[PDB]
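S.K.: With the input below, show me the fold.
(6 chains)
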Amino acid sequence: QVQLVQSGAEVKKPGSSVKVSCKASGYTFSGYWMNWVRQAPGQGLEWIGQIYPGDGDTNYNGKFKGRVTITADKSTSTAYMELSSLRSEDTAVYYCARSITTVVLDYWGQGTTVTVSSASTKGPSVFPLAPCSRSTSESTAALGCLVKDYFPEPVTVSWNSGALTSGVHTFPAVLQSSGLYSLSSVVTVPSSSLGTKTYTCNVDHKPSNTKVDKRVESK
Amino acid sequence: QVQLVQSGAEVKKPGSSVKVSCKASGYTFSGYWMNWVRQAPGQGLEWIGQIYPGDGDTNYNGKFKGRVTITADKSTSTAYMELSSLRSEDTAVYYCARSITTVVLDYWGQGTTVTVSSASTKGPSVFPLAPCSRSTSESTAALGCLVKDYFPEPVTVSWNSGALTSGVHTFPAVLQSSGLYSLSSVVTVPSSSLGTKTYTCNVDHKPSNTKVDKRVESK
Amino acid sequence: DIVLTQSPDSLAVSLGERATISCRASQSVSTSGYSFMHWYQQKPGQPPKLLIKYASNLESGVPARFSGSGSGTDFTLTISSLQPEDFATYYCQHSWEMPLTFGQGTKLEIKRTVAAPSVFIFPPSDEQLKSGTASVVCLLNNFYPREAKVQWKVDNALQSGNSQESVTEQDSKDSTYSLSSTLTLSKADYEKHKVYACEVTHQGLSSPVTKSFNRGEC
Amino acid sequence: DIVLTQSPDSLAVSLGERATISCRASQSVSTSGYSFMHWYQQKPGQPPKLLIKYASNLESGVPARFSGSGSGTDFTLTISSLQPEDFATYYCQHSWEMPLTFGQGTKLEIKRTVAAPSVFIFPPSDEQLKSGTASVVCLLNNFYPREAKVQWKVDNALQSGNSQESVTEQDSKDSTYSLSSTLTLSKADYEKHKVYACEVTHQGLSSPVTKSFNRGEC
Amino acid sequence: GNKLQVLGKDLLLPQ
Amino acid sequence: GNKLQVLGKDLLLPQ
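M.R.: Numbers count the residues shown, from 1 in each chain, chains lettered A, B, ... in the order given. Shown next is the protein structure:
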């Protein structure tokens, strides 16, 4: 029952240091190489380095040597990766992964999101997406919410407190030139029951402890 | 008040002819010599010839004889200059001007631009001018738009729909060997405003009904 | 450092058909009859999962429709009779030397029939205008394939540089995409223009579809 | 025909100072006490305006700081106390015979203190590269005087015959110039080289300034 | 209403 | 457990 459990998401400013944890279960932690593999959009998979926890031996990718330190605590069966002098190119999902003697990675942790940015925590503004006027020639209408200018990821959006899931599209966030994120969430609804049924987006941005419910309707 | 009003800009192909008109008001058109003058870059001002509309008498500059005809219509107080078998070097501004007994040119028309070219009407392609990276060190940054491969002149460029005028430089068009024009428009702005303020060039080429708005920023 | 280059970057294949994905190494990774190349499968929100070891040896539980081949610098992963659970991103990895390196990944998507987008436009809210910005949103709902062109026009001027697109993953039920395009303007720029339009070109549309509104009527 | 040669071709005078423009005729244009020479002023976008008739007679409405003198082959236009509205090109014209001829013009501009250019380089856009051409632009902003040398280097090779320059007229507020130099390459040529640089020489710079970028790093 | 154009060459002596 | 890591280049020659 090999299980690798990583520490939680982290947000860092440029120049700082991040330290990700990986708790192992179900094998002799001291006897298997532990690797660090990071994944960012467009950058494939990057093998950071490895440590053999038994004797602390390490091998690093020369691309990172002198900037990453990989360590291991045998008493707590935990491996660590410190990426010092962090920069906006080190934003990625960081995985730990057990490997075997044939040098394949056969068990993986769930990943740790690491965001590095000079932005500060900020809860979203939530604006309605509704048609200019209510159409009475179309049998469906689209409604939505724009969740704008928040940091960091993530935000969650539901509709009607979870009672409306069919036809919901919540788009991936985009990073704006301001350093803040934005996304929209949309849903298609029957025109024939508009103005008697309500449609409310429920937005939760836990990093800022911000929750908003926005009832959406054409004015 | 004496006024000379000339016909509008002309774009002609080589081999064609053009007849420019000059409408006189505010005086007795038949009693004064009416002259035509050419102004091209690099050739200063050149006197083409003149007509006395009272009796149709003409005098021509020998440099233009056989290719220009000056006429007058007393009934509408209009003088005319017809250039035959146009060549690219006939591209110029043409003025009509009244002269007096002392052989000075005391009142002038507003000028008629004649462009002679084998090129055909074409709207521009617009491209951003943005620094490779957003520099830190400098407190001033430049952005711009390259307005490339259009015919004929002119294009208009504004910034932020006319709200941004300070620090804007829109360069004179250059004629490329293709026969199409190109120019750039640039603006300098505080580096601190990048990312917090938007800069958009608004390009209009009326001869082709081309209108574009382009927000400019680096990657 | 060994560079692994996969081809194609993405591929759409119909259910029940055969997919072929390639990995080319910058140097040979074969010796003594063994190829030191391996394949992983990764689905969104999950880590990669080891599928094939030493170019051709299926891991336990991997169905027989999967296979791998090749030697030296060139390797191939093949999946016949594609099942819904097979659509994923696939990565190659060598174990020739340190450092370990991976391919850039090949995303295998479901090819389905053409579906035209349903297009909607949304004006900026008065609430957002209070804060000094105007976001105009164009929605393309439930279309296939992914290729679509969204062109913003503001009083007939073609816009560029001031919009951003976001796209969903393939829908689990109908395998379509949905897309948002968001035009962002200062309130000052927004109030200087009247007609806001998004024009959508897609294979499923016989001619482009335009949705528009006039500022000050919403 | 009579040839009228003005001196200098371009003249920069400080506000409030005296400007002196000369016109030499290829033959005398004076007889019986008459001098058949006249002066015009032209601003961009406007026709010439008669200022002085018969060498020394101011037209109605012309300010008294203008005066003309001379006889025979040599004539002088003097402005005793330059005002901003005097920035223009000035032309002499004879009335000795047909054909009337004009001097080549003297462009009178405002002298100010030396100002070094701010230099900026812009790479070609990815959008343009799609089309098979690469334009690289070098901007020299707000400098004085007008003379400036701009040289393009591509992988340290001096470029010739593939660039064009454009310059603004003197700015009405700060009396400076700005200049653009555009280097045009085929996409094929552009992709075969790495370092793109423009080198600017100007009297306000202690030594030449180079701005550059490396292809594929923007 | 005057066609006259005074040109300097016409004032020369001898005529 | 086991510390072995089989890397293909280790199976070449000369060592």
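S.K.: pretty sure residue A:87 is touching residue A:116, no?
M.R.: Yes: taking contacts as CB atoms under 8 Å, residue A:87 lies within contact range of residue A:116: 6.6 Å. Bear in mind the C-beta positions are built from the backbone N, C-alpha and C, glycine included.
S.K.: Give the intersection of the neighbour lists for those two.
M.R.: Taking CB atoms under 8 Å, 6 or more residues apart in numbering or on different chains as the criterion, residue A:87 and residue A:116 both touch residue A:14.
S.K.: So between these two, which is more surrounded?
M.R.: Ranked by neighbour count (other CB atoms under 10 Å in any protein chain shown), residue A:87 and residue A:116 place residue A:116 first, with 20 against 12.
S.K.: Quick check: beta-bridge partners of that one?
M.R.: Beta-bridge partners for residue A:116, by DSSP bridges, are residue A:12.
S.K.: Over to residue C:122?
M.R.: Beta-bridge pairing of residue C:122 under DSSP bridges involves residue C:137.
S.K.: show me what contacts residue 6?
M.R.: The chain I'm using is chain A. A:20, A:21, A:22, A:23, A:94, A:95, A:96, A:109, A:110, A:111, A:112.
S.K.: meant chain E, my bad for not saying
M.R.: B:101, B:102, B:103, D:95.
S.K.: For stretch A:127-134, buried residues please.
M.R.: The neighbour-count check on stretch A:127-134 (16 or more other CB atoms under 10 Å in any protein chain shown) flags A:127, A:128, A:129, A:130, A:131, A:132 as buried.
S.K.: Other residues contacting that stretch?
M.R.: A:141-146, A:148, A:184, A:186, A:191, A:194-195, A:214, A:216-219, C:120-125, C:127-128, C:135, C:137, C:139, C:213-214, C:217-218.
S.K.: Pull the contacting residues for residue C:194.
M.R.: Going by CB under 8 Å, 6+ apart, residue C:194 touches C:155, C:214, C:215, C:216.
S.K.: Could you check how far the second one is from chain F?
M.R.: In this view, residue C:214 and chain F are 67 Å apart by CB to the nearest CB, to the nearest Å.
S.K.: Thought residue C:193 was touching that residue, still the case?
M.R.: No: between residue C:214 and residue C:193 there is no contact under CB under 8 Å: 9.9 Å.
S.K.: If you count surrounding residues, which of those two has more?
M.R.: The residue with more neighbours, out of residue C:214 and residue C:193, is residue C:193; 16 against 13, by other CB under 10 Å.
S.K.: Quick one: residues contacting that one.
M.R.: B:161, C:154, C:155, C:215.
S.K.: these two touch, right, the last one and residue C:123?
M.R.: Yes: at 7.4 Å, residue C:215 counts as touching residue C:123 under the criterion of CB under 8 Å.
S.K.: what residues are shared contacts of those two?
M.R.: With contacts taken as CB under 8 Å, 6+ apart, residue C:215 and residue C:123 have residue C:196 as neighbours in common.
S.K.: Assess the claim that residue A:115 and residue A:153 are in contact.
M.R.: Yes: Residue A:115 is in contact with residue A:153 according to CB under 8 Å; the separation is 6.7 Å.
S.K.: what's the helix or strand for residue A:217?
M.R.: Assessed by DSSP states H and E, residue A:217 sits outside every helix and strand.
S.K.: what are the phi and psi angles of the residue lying closest to residue A:44 once chain neighbours are set aside?
M.R.: Once flanking residues are discounted, residue A:44 sits nearest to residue C:104: 4.0 Å by CB to CB, 6 or more residues apart in numbering or on different chains. Note on residue C:104: backbone dihedrals following degrees, to the nearest 10 are phi -80, psi -10.
S.K.: Residue A:115 and residue A:153: who's more crowded?
M.R.: Higher neighbour count among residue A:115 and residue A:153: residue A:115, with 20 against 16, using other CB under 10 Å.
S.K.: list the contacts for residue 8?
M.R.: Defaulting to chain A. Here residue A:8 is in contact with residue A:112 (CB under 8 Å, 6+ apart).
S.K.: my bad, chain E
M.R.: So residue E:8 contacts D:29, D:30, D:31, D:34, D:36, D:94, D:95, D:96, D:97 (CB under 8 Å, 6+ apart).
S.K.: can these go into CSV with extra columns for neighbour count and distance to chain F?
M.R.: Formatted as CSV, these follow (neighbours: other CB atoms under 10 Å in any protein chain shown; distance: CB to the nearest CB, whole Å):
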residue, neighbour count, distance to chain F
D:29, 26, 95
D:30, 21, 99
D:31, 17, 103
D:34, 17, 102
D:36, 25, 97
D:94, 26, 92
D:95, 23, 96
D:96, 24, 96
D:97, 17, 96
